[PDB]
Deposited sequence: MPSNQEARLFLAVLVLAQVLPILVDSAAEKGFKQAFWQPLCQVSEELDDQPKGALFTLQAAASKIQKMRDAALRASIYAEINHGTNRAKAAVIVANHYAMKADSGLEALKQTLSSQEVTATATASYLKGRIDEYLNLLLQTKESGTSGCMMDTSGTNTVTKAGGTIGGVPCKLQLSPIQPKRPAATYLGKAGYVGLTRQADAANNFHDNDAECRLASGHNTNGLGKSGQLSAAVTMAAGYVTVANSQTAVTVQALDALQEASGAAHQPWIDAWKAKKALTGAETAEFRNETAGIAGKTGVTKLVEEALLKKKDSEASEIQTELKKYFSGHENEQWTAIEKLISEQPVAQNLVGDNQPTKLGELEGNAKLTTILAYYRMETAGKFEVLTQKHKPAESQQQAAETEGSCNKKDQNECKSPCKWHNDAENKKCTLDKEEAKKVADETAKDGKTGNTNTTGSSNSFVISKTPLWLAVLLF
């Protein structure tokens, strides 16, 4: 009935959203670290190729390794530029809009949770409208709903309750009076009228929106209305703008999956840096001299020779010595510097 406390069908979808927004900072941290990890892997492959060219200086495969090294160095460089120019902004913006929306939702839910008069009458009711619900650990009436920002550790990004089209569980409600409102639980937050709602001497001046514009609370003895947020489009200045902002920011996320962080499958001439390096330093013809071909199969063969190349065993722990079994930028950089010292002495 209008003006009565809210059964679980109303607030559980909000808990689900709040819980998923909690994971957006975790996914931002994951994505920033994943992008850094991919850069480091590119740099490692550049370092292995440069080491191979130092060890085998003066051979056609060494000159092939210089081309490989330059390629992966440029991949590492472009990943860092994309981290600076694009990913940083995307992940900060998703973290901020999601956390801000979660704060707006959680303040509303926390208010509902506390606004009660007994075990059977209050603003936050169970599925049948029988009892008011209580918070125990991170659950409310058995529903995961911490109403707090969890400690932030990296976690893979997931879009379940908030996805490409909007908030999947926040659909249009045709009969709020029976599906959201209980029959008898008293809740002054359910209405702006003064008899059973927020008004004191008289009705509120206007409708009041709550939870960042999700629920509209009339100043009359009528049921609430909710926004349908499951099929969103861009908007400005909406009463529910924080919902749109978080959706837009999450939708923009590309992760560490753009071309800068991905390895290239094209033929050798089409790989980053190859053609220009062959032009400036050496000038299809020049490439078969060093890869014995110009397709990805020959590139893979050079990478295999690079990976199987052992380094001097004094350079590693008492540890494998093949370059493909070594990882870590700083470690491979210091090995390259060792071989550049040897090269200079010659």
| query | finding |
| --- | --- |
| Non-modelled portions of the deposited polymer sequence, in sequence order | 1-26, 310-319, 355, 384-476 |
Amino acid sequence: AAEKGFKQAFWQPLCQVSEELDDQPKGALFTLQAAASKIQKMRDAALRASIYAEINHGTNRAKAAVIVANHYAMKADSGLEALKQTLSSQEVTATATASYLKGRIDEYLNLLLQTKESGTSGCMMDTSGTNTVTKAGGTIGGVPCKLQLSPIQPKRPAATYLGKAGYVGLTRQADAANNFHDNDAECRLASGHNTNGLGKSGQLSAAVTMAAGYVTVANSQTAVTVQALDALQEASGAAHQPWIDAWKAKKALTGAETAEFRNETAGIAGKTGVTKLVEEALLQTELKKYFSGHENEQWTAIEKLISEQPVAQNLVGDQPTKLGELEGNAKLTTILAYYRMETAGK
From here on, numbers count along this sequence of modelled residues.
{"property": "Stretch with the higher entry mean CA B-factor, where the candidates are 30-38 and 292-300", "result": "292-300"}
{"property": "Mean C-alpha temperature factor, higher of 264-272 and 111-119", "result": "264-272"}
{"property": "Peak C-alpha temperature factor (PDB record), options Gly213, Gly79, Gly137, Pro144", "result": "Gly137"}
{"property": "Selection by C-alpha B-factor (highest) of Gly166, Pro157, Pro242, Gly103", "result": "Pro157"}
{"property": "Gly192, C-alpha B-factor rank within chain (lowest, middle or highest third)", "result": "lowest"}
{"property": "CA B-factor ranking of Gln85, expressed as a third of its chain", "result": "highest"}
{"property": "Chain-relative CA temperature factor third for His57", "result": "highest"}
{"property": "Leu253 CA temperature factor, ranked by third within the chain", "result": "middle"}
{"property": "Third of the chain, ranked by Cα B-factor, where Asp23 sits", "result": "middle"}
